[PDB]
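Read off the chains here:
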Amino acid sequence: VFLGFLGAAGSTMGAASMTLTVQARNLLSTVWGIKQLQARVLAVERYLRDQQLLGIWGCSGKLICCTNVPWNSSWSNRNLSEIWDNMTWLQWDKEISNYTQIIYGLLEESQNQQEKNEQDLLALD
Amino acid sequence: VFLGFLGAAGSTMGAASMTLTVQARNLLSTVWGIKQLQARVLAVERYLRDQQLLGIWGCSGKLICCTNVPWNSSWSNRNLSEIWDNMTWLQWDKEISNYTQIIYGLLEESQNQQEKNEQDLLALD
Amino acid sequence: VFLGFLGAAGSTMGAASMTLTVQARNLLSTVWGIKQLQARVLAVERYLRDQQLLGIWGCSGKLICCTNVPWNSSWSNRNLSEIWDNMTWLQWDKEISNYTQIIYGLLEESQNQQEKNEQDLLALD
Amino acid sequence: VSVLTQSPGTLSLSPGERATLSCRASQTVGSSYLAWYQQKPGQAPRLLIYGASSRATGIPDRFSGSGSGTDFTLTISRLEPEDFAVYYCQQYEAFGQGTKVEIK
Amino acid sequence: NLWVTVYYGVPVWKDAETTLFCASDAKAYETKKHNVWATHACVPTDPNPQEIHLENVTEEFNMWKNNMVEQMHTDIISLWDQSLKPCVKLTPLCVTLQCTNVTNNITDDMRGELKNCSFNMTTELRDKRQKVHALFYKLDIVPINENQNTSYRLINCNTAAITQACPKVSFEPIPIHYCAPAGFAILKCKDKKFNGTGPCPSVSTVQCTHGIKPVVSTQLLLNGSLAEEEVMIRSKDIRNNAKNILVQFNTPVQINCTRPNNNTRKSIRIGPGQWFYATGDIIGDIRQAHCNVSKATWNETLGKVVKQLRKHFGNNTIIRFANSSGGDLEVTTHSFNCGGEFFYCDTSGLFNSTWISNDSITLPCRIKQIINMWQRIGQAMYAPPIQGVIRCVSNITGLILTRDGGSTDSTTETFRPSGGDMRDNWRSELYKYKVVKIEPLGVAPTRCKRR
Amino acid sequence: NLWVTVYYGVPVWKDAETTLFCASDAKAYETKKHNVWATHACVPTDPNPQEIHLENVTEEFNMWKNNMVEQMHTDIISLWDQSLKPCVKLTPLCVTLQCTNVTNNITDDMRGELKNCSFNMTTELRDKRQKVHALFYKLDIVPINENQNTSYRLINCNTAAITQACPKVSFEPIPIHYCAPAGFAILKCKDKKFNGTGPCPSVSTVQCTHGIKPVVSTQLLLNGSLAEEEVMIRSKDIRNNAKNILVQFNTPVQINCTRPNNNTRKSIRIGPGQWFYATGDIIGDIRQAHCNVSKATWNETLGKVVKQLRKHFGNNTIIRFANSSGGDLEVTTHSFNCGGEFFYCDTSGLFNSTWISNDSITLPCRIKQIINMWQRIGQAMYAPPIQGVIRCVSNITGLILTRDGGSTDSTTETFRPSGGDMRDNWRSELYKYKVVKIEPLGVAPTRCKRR
Ligand SMILES: *[C@@H]1O[C@H](CO)[C@@H](O[C@@H]2O[C@H](CO)[C@@H](O[C@@H]3O[C@H](CO)[C@@H](O)[C@H](O[C@H]4O[C@H](CO)[C@@H](O)[C@H](O)[C@@H]4O)[C@@H]3O)[C@H](O)[C@H]2NC(C)=O)[C@H](O)[C@H]1NC(C)=O
Ligand SMILES: *[C@@H]1O[C@H](CO)[C@@H](O[C@@H]2O[C@H](CO)[C@@H](O[C@@H]3O[C@H](CO)[C@@H](O)[C@H](O[C@H]4O[C@H](CO)[C@@H](O)[C@H](O)[C@@H]4O)[C@@H]3O)[C@H](O)[C@H]2NC(C)=O)[C@H](O)[C@H]1NC(C)=O
Ligand SMILES: *[C@@H]1O[C@H](CO)[C@@H](O[C@@H]2O[C@H](CO)[C@@H](O)[C@H](O)[C@H]2NC(C)=O)[C@H](O)[C@H]1NC(C)=O
Ligand SMILES: *[C@@H]1O[C@H](CO)[C@@H](O[C@@H]2O[C@H](CO)[C@@H](O)[C@H](O)[C@H]2NC(C)=O)[C@H](O)[C@H]1NC(C)=O
Ligand SMILES: *[C@@H]1O[C@H](CO)[C@@H](O[C@@H]2O[C@H](CO)[C@@H](O)[C@H](O)[C@H]2NC(C)=O)[C@H](O)[C@H]1NC(C)=O
Ligand SMILES: *[C@@H]1O[C@H](CO)[C@@H](O[C@@H]2O[C@H](CO)[C@@H](O)[C@H](O)[C@H]2NC(C)=O)[C@H](O)[C@H]1NC(C)=O
Ligand SMILES: *[C@@H]1O[C@H](CO)[C@@H](O[C@@H]2O[C@H](CO)[C@@H](O)[C@H](O)[C@H]2NC(C)=O)[C@H](O)[C@H]1NC(C)=O
Ligand SMILES: *[C@@H]1O[C@H](CO)[C@@H](O[C@@H]2O[C@H](CO)[C@@H](O)[C@H](O)[C@H]2NC(C)=O)[C@H](O)[C@H]1NC(C)=O
Ligand SMILES: *[C@@H]1O[C@H](CO)[C@@H](O[C@@H]2O[C@H](CO)[C@@H](O)[C@H](O)[C@H]2NC(C)=O)[C@H](O)[C@H]1NC(C)=O
Ligand SMILES: *[C@@H]1O[C@H](CO)[C@@H](O[C@@H]2O[C@H](CO)[C@@H](O)[C@H](O)[C@H]2NC(C)=O)[C@H](O)[C@H]1NC(C)=O
Ligand SMILES: *[C@@H]1O[C@H](CO)[C@@H](O)[C@H](O)[C@H]1NC(C)=O
Ligand SMILES: *[C@@H]1O[C@H](CO)[C@@H](O)[C@H](O)[C@H]1NC(C)=O
Ligand SMILES: *[C@@H]1O[C@H](CO)[C@@H](O)[C@H](O)[C@H]1NC(C)=O
Ligand SMILES: *[C@@H]1O[C@H](CO)[C@@H](O)[C@H](O)[C@H]1NC(C)=O
Ligand SMILES: *[C@@H]1O[C@H](CO)[C@@H](O)[C@H](O)[C@H]1NC(C)=O
Ligand SMILES: *[C@@H]1O[C@H](CO)[C@@H](O)[C@H](O)[C@H]1NC(C)=O
Ligand SMILES: *[C@@H]1O[C@H](CO)[C@@H](O)[C@H](O)[C@H]1NC(C)=O
Ligand SMILES: *[C@@H]1O[C@H](CO)[C@@H](O)[C@H](O)[C@H]1NC(C)=O
Ligand SMILES: *[C@@H]1O[C@H](CO)[C@@H](O)[C@H](O)[C@H]1NC(C)=O
Ligand SMILES: *[C@@H]1O[C@H](CO)[C@@H](O)[C@H](O)[C@H]1NC(C)=O
Ligand SMILES: *[C@@H]1O[C@H](CO)[C@@H](O)[C@H](O)[C@H]1NC(C)=O
Ligand SMILES: *[C@@H]1O[C@H](CO)[C@@H](O)[C@H](O)[C@H]1NC(C)=O
Ligand SMILES: *[C@@H]1O[C@H](CO)[C@@H](O)[C@H](O)[C@H]1NC(C)=O
Ligand SMILES: *[C@@H]1O[C@H](CO)[C@@H](O)[C@H](O)[C@H]1NC(C)=O
Ligand SMILES: *[C@@H]1O[C@H](CO)[C@@H](O)[C@H](O)[C@H]1NC(C)=O
Ligand SMILES: *[C@@H]1O[C@H](CO)[C@@H](O)[C@H](O)[C@H]1NC(C)=O
Ligand SMILES: *[C@@H]1O[C@H](CO)[C@@H](O)[C@H](O)[C@H]1NC(C)=O
Ligand SMILES: *[C@@H]1O[C@H](CO)[C@@H](O)[C@H](O)[C@H]1NC(C)=O
Ligand SMILES: *[C@@H]1O[C@H](CO)[C@@H](O)[C@H](O)[C@H]1NC(C)=O
């Protein structure tokens, strides 16, 4: 299970987007016993929060998930080759760290509830 | 995250069906440490039970989910405007509380396993 | 909830494939308090691991899930009637126990990430 | 306090028939707070009714009561021989005058 | 026509009972090495807390059936117990005490309260012993024998063993906020005239309750919240006399309390690592502890309370205030602790008025060191003496009263101060709070059908 | 042709070891302030429990490798330990005892069992002492010196310190049900002739085990379950003599036990809050404790056991019952506790029969107060005396036996009562239970293909 963990952290973003299962499988597992239980419970809560974020974006059971949210060049004006063939996910996260919540709020409530209401109203037809 | 929590509890059911993410994001987080750990673990188990109920209805990753279960007028004979533009979800829950398990058993086993077997047998074709 | 639990453990595999919700609903729930909390937390972690395995196979929210993985006669060369109308899931698990990880690795990484990349590249068109 | 008037002062019946003992509260606001106590001669009182209508543990079903507001009543369905005593009504700290059920 | 549609995240709730977790200021934790009511069992609070108004929502509240009060009781008692486990246990001090009167500089009121008592005591070495003297209060010592041998024993020693509070641990109530775990909400009644029961048309949901200081007191609620508009009278049943009446003031009455004696603290070694702190010698004159309240302010607040009581007992009823009929010292006097010293004030001056339908007061207070908290028999603590003169300012924000029964005449109603149970002291702050369970799964009819 | 299809929720299981949680009646918890075997660590039971018959399922059981028995052992010992932590520790009582015979009204059998013993004792004040007398049993006191000074010491005092059971805590075994957490199941063998090992063709799954009373006893299983059809003989290896044989009766033998002495309880203060309860004075005549069993019922059950033993040792073998070869008092006698008093009965009358291939019995019992439970050296407890005459009724539902080895002649087999380890007492109730892990993920071939 642990084999290959984080091994594409120095690879390009595209090369590292082909090992997502390796890092997804490694996210789940006296006074010492309660400290370790608190660590395990926090890991569980953290996994559940991430999966809830995926589920409120229409991205459940998906390691790669496309959306209807346009990319803003204000967030990043780099070209596709620069990002996917000339950058790592760590550098990317450093670059977009101050824009993450804007994207997460454009995915959270606008796109998904709009799309979901439209599917309900199309299912009416 | 907490902003807007339960703020549509006095709004109509339709107006309150547009803020579901606000209440979905607020469902996940010595001797005192074990009491609080038990509270956190029970919150996790409760969220998992709700998500399991959604998943056995074909409603995973969905805040609004349509089904193939007809509404019975015995459960409620009210008209759509009464329910969605003239009632709150609290009053609704008060009205249907003694019919919830019938609906949940018509969603649990009939609709979903029937539909799922039919998708398997159509995938055979 | 507990009613019918494991009641199709001596039935044929097909007859037992119609009661999956009964066994899915029964998988979720001082020094004694921490021992029981550790049991409950391990049950939660175990359910989450199983659901993660389902989700990395494109099988989220699904009790029956078809895949694009061909069956190998090396794993089992038995005919469909033998398996589904003349065997129980316990005997089946005894037979395939030494082949489970091969199937799980053919579902884990090959089929799902291939399919998922192809859906992304078709969504590009 | 609350004045309680428990009429009639003396009620003469015979076994097996239904007696309807009544208590009327005066200086109250009106609620379901009343109790009925049975006191046989030479014995301390015993609780029969705890509430406007409910029954104390162990008391047979022949002893039943009802009421609300400022009018309440005790209904002994069957005047068995072990049912002749003094009956009192209680509203908080106040007590009734007492009703005698005597054989006749 | 219509079909079942499943909705997750619906704003539906039910009444529930959960285990709440506190929130406290990290700031005060840096200022407070330790406080009996631990900020370590609790969590640092979140700045800028959120309160969302639930417009159009009317919720049923019951001040008298609230599990937040019971959890607070359990938590405060347990925090006290664990704060007193590490500290020294004064079992070696259960010895015969030869006591004589202290008459160095004594006023006629303070005659006999303090006694000079000599006794044999253990030392750090197990093979040697010492004779040591300490001053003790009359309320903490009992005659061993009827005959006038002047032999005395500590009051606890027969029935139990008396722990000593650690000198470093502080007693100042710091605010604690009670927060709800995930999947639970705290609904706050924003109605300004609510009596703690019945429907509340103005409701809000809060992450945590406001800061509640665990102030332990009888007959008077100190350093609490104040009514926004009018004095509030709250009883489970006002007609019932067995239920205490809780009064909330809209304007506080300032109370100034002092023990003018200049006290000293004497370290006495009773073991290898165990110390016993004693009263030492009082520098200067000895005068009784007392509390001052403004007389005009007290009279105006009493008139306001009388008006609210008349709203429940008749417009021409005579409201009489009298003092405690009897009981333990805690209930008969206004018991409180400020600065680490435990006071006991005679409030006969406070409740000495008949109100017909139409300058300061000084309360003689007494001091104790053996304290039995929370109405428990067998778990006394010794309060170490506090060095220096203590001056003390507090707000009287409410009362705890009991109405006399068996009134022969119906034109008068007598109310006497009461207390002793702190569940009726902490219910005067949590009266407007109820915990609810969120039920986020809903099913409603729609015309939409799964393909 | 065929493709992998994933199935979740398949009825597949494997053998596993988990931490089970009890279930108990809330009712009895309201009736029982405290019981050594805590109903607080455990949970209230669910009325109308479910048992689903696993038709066509044959499961392998091993009575002799079951972790439910080990968990029960751990839980019962730990519950005892925590029930005895708060209670008083009788270290001040380790003093020289001047003991003399009690001959007020003594039968020839009871001569010397009880002794009148005087000793100096601590009082609540640390500076004073008292001389107090108590009656002690010969088994609880040991001569300090060989010379006849009549000086005595409590048996534990050299090696360990002896705790005192709290007088309020009760000793009555209440049933506890062992339940499985989520994702685990308890499989119950419903075969009526099962010997605890091998395949079981009739299996059911249960939420919780039946109520099991933690009855601590040697040589005889009391208040247990009974065989449905025939007497059941269960040994790990019947040929091996080092493994105890567990016998289950199909019909119980009623046993009536009594200590006819009218006992009293004397409170002695040994500390500020610590008391020591003593035997006091026995009102009236003193007679030995004893137990009665019906002789005809015992003989018929012994014949049934002989028949089942003949099914394992030959059809013409002589089955002889004899009494214990030796050991500690617990194993040599039928040890049990009923009412709070610990009995020790000589079962030589019970096992005094030779069975060739073709009115009541009175057992002289003895009483003790220093009890070393569960074969542990160093953790003795003092049982406070029980006031009044105690009468006691129990069902003998089984036996614990050991077969004699080295038989020179092969026509006879001798079986002697045994015990001491309660893992063989609690394994006679959990013999039909095994915990399993559910494996809900399955993969099977189908012709269906993901689009
Ligand atoms: C109601 O609230 C008022 C106002 O908050 C409160 O009065 C305050 O009490 C505190 C704590 O007793 C007082 O502070 C003490 O007084 C001085 C001022 O700094 C210091 O000498 C004290 O520190 C000593 O004690 C500490 C241990 O507690 C040691 O850590 C330290 O080293 C010192 O030895 C201490 O801070 C404060 O002065 C008053 N304020 C007023 C205006 O009176 C009152 O106690 C509350 N009432 C009740 C009944 O709870
Ligand atoms: C096998 O089962 C039988 C039947 O269940 C059992 O015998 C029963 O034991 C109980 C408990 O020892 C007996 O009840 C006691 O006897 C009387 C009857 O009410 C009371 O005096 C006792 O109460 C006193 O003690 C309590 C503390 O235990 C105190 O709380 C209380 O205030 C009293 O001081 C107590 O209830 C019961 O009478 C017998 N029943 C029969 C038919 O013998 C037996 O003990 C079990 N055997 C074994 C070996 O476990
Ligand atoms: C309490 O009595 C003690 C005697 O035990 C007094 O202590 C003595 O005080 C005198 C001064 O008058 C000193 O010379 C002695 O040395 C002290 N005794 C010892 C043993 O040192 C003490 O003054 C009295 N305290 C009060 C407050 O009256
Ligand atoms: C608090 O206010 C409420 C609402 O005004 C009072 O409830 C009324 O009184 C009784 C209960 O005592 C019930 O009949 C109803 O719930 C209310 N009646 C109405 C609105 O007609 C409640 O009594 C008040 N409590 C106090 C102590 O003042
Ligand atoms: C409480 O009130 C009393 C009575 O007014 C105050 O006692 C006076 O205090 C002042 C200031 O120290 C002295 O000059 C007076 O001589 C005192 N008068 C008396 C005893 O009649 C006392 O200070 C007040 N205590 C407080 C506010 O703690
Ligand atoms: C309580 O009030 C009574 C009067 O109702 C006070 O007693 C009177 O006090 C005044 C003023 O000191 C004296 O002139 C009277 O002679 C006292 N007796 C009577 C019968 O009026 C009493 O002092 C008050 N108690 C307090 C403040 O504790
Ligand atoms: C055990 O011996 C003690 C002596 O220590 C006896 O107690 C004395 O009994 C006599 C009556 O014969 C009383 O007058 C004395 O007061 C008792 N002694 C004390 C110190 O009070 C006791 O009777 C003996 N017990 C038995 C069972 O024989
Ligand atoms: C319990 O019954 C089983 C089944 O009858 C016995 O198992 C047989 O005996 C031995 C093990 O002792 C093994 O060869 C087989 O498992 C079984 N043999 C068969 C069916 O031919 C088991 O011995 C019995 N145990 C006791 C104590 O009677
Ligand atoms: C155990 O059996 C003995 C012997 O039968 C019983 O002792 C008899 O008890 C009765 C009733 O109290 C007495 O009248 C007899 O005198 C006794 N007979 C003797 C000593 O020979 C004893 O009661 C039984 N104990 C029980 C059932 O607890
Ligand atoms: C055990 O059995 C033996 C006999 O096998 C008993 O001893 C005999 O008891 C009878 C009847 O009391 C006497 O007549 C005999 O003289 C005894 N001796 C022999 C050699 O038979 C013995 O009492 C029994 N033991 C018990 C009940 O503990
Ligand atoms: C590291 O970078 C080199 C060239 O920059 C590349 O060939 C190699 O594959 C990279 N390895 C990993 C593990 O990213
Ligand atoms: C991109 O972000 C800017 C702010 O930096 C905002 O004004 C603009 O509207 C955004 N563009 C889109 C398409 O949302
Ligand atoms: C993102 O992070 C910092 C911190 O706010 C921000 O000031 C900065 O402009 C951003 N950095 C980059 C490299 O874009
Ligand atoms: C409350 O109701 C009023 C009218 O009934 C409506 O205008 C308003 O939007 C509602 N507000 C909420 C928060 O539901
Ligand atoms: C509606 O419920 C009633 C019972 O109230 C039942 O008889 C009827 O069949 C139900 N209708 C449908 C369409 O299931
Ligand atoms: C639902 O709840 C109660 C409780 O069973 C039931 O009797 C009643 O008919 C229902 N109430 C409403 C308002 O439909
Ligand atoms: C057991 O098997 C029989 C025949 O083999 C079949 O009729 C029956 O349905 C089966 N029962 C279960 C519960 O599997
Ligand atoms: C089946 O398994 C064998 C090894 O047993 C392997 O050589 C073969 O390639 C597998 N077949 C397929 C179609 O993957
Ligand atoms: C599967 O399990 C064992 C253990 O590795 C293996 O040797 C055996 O061949 C397999 N058994 C069956 C029945 O296929
Ligand atoms: C202290 O001990 C002495 C002898 O060391 C003794 O005379 C005196 O009475 C004791 N004092 C007490 C108990 O106060
Ligand atoms: C006392 O009341 C005043 C006026 O309301 C307030 O400002 C002050 O903070 C209060 N003091 C305490 C200690 O509660
Ligand atoms: C109390 O005594 C100390 C001891 O030095 C002194 O500094 C202080 O001024 C005294 N205070 C008063 C109010 O007398
Ligand atoms: C109450 O006041 C009376 C005088 O009216 C007094 O004698 C009595 O001691 C007071 N009681 C208490 C408990 O302070
Ligand atoms: C308080 O006012 C009331 C008015 O009835 C009366 O008792 C008295 O004049 C006032 N008392 C004081 C002490 O100011
Ligand atoms: C008890 O103490 C006395 C003196 O106080 C002593 O003579 C006697 O021997 C002691 N008794 C014992 C140890 O039994
Ligand atoms: C003893 O056995 C009888 C007959 O089986 C049974 O009714 C009774 O409950 C049993 N008593 C105990 C205490 O187990
Ligand atoms: C035991 O002694 C007590 C003490 O009064 C008495 O009431 C009871 O009757 C006695 N019992 C017997 C069996 O002698
Ligand atoms: C066993 O019985 C013999 C007589 O056969 C007896 O002497 C011996 O003491 C008994 N042993 C035990 C341990 O009871
Ligand atoms: C029991 O029966 C057997 C039959 O062999 C024999 O020992 C004896 O006659 C009987 N014993 C008693 C004590 O009834």
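Residues numbered from 1 in each chain as written, not as in the entry; some residues may be left out. Chains lettered and ligands numbered in written order. Part of a larger assembly, values for the part shown. Heavy atoms only, no water.

The name given to chain E in the PDB entry is GT1.1 v4.1 SOSIP gp120, with Human immunodeficiency virus 1 as the source organism. As recorded in the PDB, the entry bears the title "61-12A01 Fab in complex with HIV-1 GT1.1 v4.1 SOSIP Env trimer and RM20A3 Fab".

Chain D carries the name 61_12A01 kappa chain Fv in the PDB entry, which gives Homo sapiens as its organism.

Student: Help me understand the overall build of chain E in this model?
Tutor: Each helix and strand counted, chain E has four helices and 32 strands in total. Taken along its principal axes, the extent of the C-alpha atoms in chain E is 95 × 60 × 35 Å. When burial is assessed residue by residue, chain E has 56% of its 451 residues classed as buried. Split by element, the accessible area of chain E, about 19,300 Å² in all, is 46% carbon and sulfur. (Helix = DSSP H or I, 4+ residues; strand = E, 2+ residues; numbered from the N terminus. Buried < 20%, exposed > 50% of the residue type's maximum accessible area, 1.4 Å probe, protein only. Areas by Shrake-Rupley, 256 points an atom, 1.4 Å probe, with all protein chains shown as cover.)

Student: Which parts of the structure should I look at to understand the overall build of chain D?
Tutor: When helices and strands are counted, chain D shows zero helices and ten strands. Moving toward the C terminus, one meets the helices and strands of chain D in the order β-β-β-β-β-β-β-β-β-β. Dimensions along the principal axes, computed over C-alpha positions, put chain D at roughly 35 × 25 × 25 Å. In chain D, the proportion of contacts linking residues at least 24 apart, taken out of those at least 6 apart, comes to 54%. With the model as given, the accessible surface of chain D reaches about 5,400 Å², and the carbon-plus-sulfur share is 49%. When the 9 positive and 8 negative side-chain charges of chain D are each reduced to one mean point, those points stand 2 Å apart. (Contact = heavy atoms within 4.5 Å. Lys, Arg positive; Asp, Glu negative; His and termini not counted. Charge placed at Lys NZ, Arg CZ, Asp CG, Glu CD.)

Student: Teacher, can you tell me more about the interface of chain E and chain D here?
Tutor: Bring the parts together and some accessible area is lost; that lost area is often taken as the interface size. If you look at the interface, chain E gives nine residues, while chain D gives six residues. Counting each side, the surface lost to burial between chain E and chain D is near 590 Å², with a carbon and sulfur contribution of 42%. Our enumeration of links across chain E and chain D arrives at one salt bridge. Between D:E93 and E:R403 there is a salt bridge whose closest N-O contact spans 3.7 Å. For the pair chain E and chain D, the interface holds four residue pairs in polar contact. (Buried area = accessible area lost by both parts, 1.4 Å probe. Salt bridge = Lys/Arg side-chain N within 4 Å of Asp/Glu carboxyl O. Polar contact = N/O pair within 3.5 Å; in protein donor to acceptor, adjacent residues only side chain to side chain.)

Student: Before we go on, may I ask you to explain the side chain of E:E59 in this structure?
Tutor: Mapped onto the elements, E:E59 comes out in strand β5 (residues 59-62). Its relative accessible area of 11% is what places E:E59 among the buried residues.

Student: I tried to follow the sheet that holds strand β10 (residues 151-154) of chain F on my own but got confused; where do I start?
Tutor: Strand pairing within a sheet occurs via backbone hydrogen bonds; the two strands may be parallel or antiparallel. Residues and elements named next belong to chain F. Read across the open sheet, the five strands follow the order β8-β7-β6-β10-β9; overall the sheet is antiparallel. Each edge of the open sheet carries a strand with a single partner, namely β8 (129-137) and β9 (141-143). Across the sheet, the mean angle separating the axes of adjacent strands is 40° when strand polarity is ignored. (Pairing = 2+ DSSP bridges. Axes fitted to C-alpha atoms, helices over the stretch in contact; angles between N-to-C directions.)

Student: Explain helix α3 (residues 295-313) of chain E to me, please; I cannot follow it from the model alone.
Tutor: Note on helix geometry: an α-helix contains 3.6 residues per turn, so any two residues three or four positions apart are oriented the same way. Residues and elements named next belong to chain E. The terminal C-alpha atoms of α3 lie 26 Å apart, and with 19 residues this matches the ideal 27 Å at 1.5 Å per residue to within 8%. Along α3, the residues that are buried comprise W298, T301, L302, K304, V305, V306, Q308, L309, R310 and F313. At the C-terminal side of α3, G314 shows a positive phi close to 110°. (Expected span 1.5 Å × (residues − 1).)

Student: Is there a simple way to explain the sheet that holds strand β3 (residues 19-25) of chain D in this structure?
Tutor: Strand order in the open sheet made by the four strands is β1-β3-β7-β6 (chain D), with antiparallel pairing throughout. Each end of this open sheet is capped by a strand with a single partner; those strands are β1 (4-5) and β6 (63-68) of chain D.

Student: Where do I start with the interface of chain E and chain B in this structure?
Tutor: On the chain B side, the residues contacting the 49 residues of chain E number 57 residues. Carbon and sulfur atoms supply 69% of the area that chain E and chain B bury against each other, a total of about 4,800 Å² over both sides. For the chain E face of the interface with chain B, the top three residues by lost area are E:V4, E:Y8 and E:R450, together amounting to 20%. Counting across the chain E and chain B interface gives one salt bridge. For B:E115, the salt bridge goes to E:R450, with nearest N and O atoms at 3.5 Å. For the pair chain E and chain B, the number of links is 14 residue pairs in polar contact. Secondary structure elements with two or more residues in the side of chain E that touches chain B: β1 (3-8), β4 (51-54), α2 (67-84), β13 (184-189), β15 (203-206), β31 (433-438) and β32 (441-446) of chain E. Tallied by class, residues from the side of chain E that touches chain B come to 30 nonpolar, twelve polar and seven charged. Of the pairings in the sheet, the one linking strand β1 (residues 64-70) of chain B to β1(E) comprises four bridges and is antiparallel in character. Residue pairing across strands places B:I64 opposite E:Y7, the latter belonging to β1(E). (Nonpolar A, V, L, I, M, F, W, Y, C, P; charged D, E, K, R; others polar.)

Student: What is the right way to look at the state of the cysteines in this model?
Tutor: Every disulfide links exactly two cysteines, by a covalent bond between their sulfur atoms. Taken as a whole, this structure holds 24 disulfides over all chains when the rule is applied. A disulfide bridge connects C:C59 with C:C65, and the sulfur atoms are separated by 2.0 Å. Here C:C59 and C:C65 share a disulfide; its torsion about the S-S bond, -70°, makes the bridge left-handed. Both residues of the pair, C:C59 and C:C65, belong to the buried class. Residue A:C66 stays outside any disulfide, its sulfur separated by 6.9 Å from that of A:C65, the closest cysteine. (Disulfide = S-S within 2.5 Å.)

Student: Looking at this structure, how should I read the arrangement of the chains?
Tutor: Between chain C and chain E there is no contact; the minimum C-alpha to C-alpha separation amounts to 14 Å. Separated without contact, chain D and chain F have their nearest C-alpha atoms at a distance of 16 Å.

Student: Just checking my understanding: could you explain the site of ligand 9 for this structure?
Tutor: Residue and element names in this part refer to chain F. Residues in contact with ligand 9, as listed here, are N256, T258, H290, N292 and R391. Side-chain polar atom of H290 to a nitrogen atom of ligand 9: 3.2 Å apart, as the coordinates give it. Within the side chain of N292, one N or O atom sits 2.3 Å away from an oxygen atom of ligand 9. Looking at the shell around ligand 9, the elements that each hand over two or more residues are β18 (245-263) and β21 (290-294). (Near = heavy atom within 4 Å.)

Student: So what exactly am I meant to see when it comes to the pattern of salt bridges here?
Tutor: Pairing between side chains of opposite charge can happen when their charged atoms approach one another. Residues and elements named next belong to chain F. Applying the stated criterion to the full structure yields 54 salt bridges over all chains. For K14, the salt bridge identified is with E439, shortest N-O distance 3.6 Å. Owing to a relative accessible area of 42%, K14 belongs among the partly exposed residues under this scheme. Residue classification places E439 among the partly exposed positions, given a relative accessible area of 22%.

Student: How should I be thinking about the pairing of β6(D) in this particular structure?
Tutor: Looking along a regular strand, one sees the side chains alternate between the two faces of the sheet. Residues and elements named next belong to chain D. The pairing of β6 with strand β7 (residues 71-76) spans six bridges and is antiparallel. Looking across to β7, one finds that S64 is bridged to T75. Adjacent in sequence and paired antiparallel, β6 and β7 are bridged by two residues, among which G69 carries a positive phi angle near 75°.

Student: In this structure, what is going on with the pairing of strand β5 (residues 59-62) of chain F? I would like to understand it.
Tutor: Residues and elements named next belong to chain F. Burial along β5 is one-sided: the residues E59 and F61 are buried and none of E60 and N62 is. In this sheet, strand β14 (residues 197-200) lies alongside β5 in antiparallel orientation, the contact comprising four bridges. Residue pairing in the sheet places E59 in a bridge with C200 of β14.

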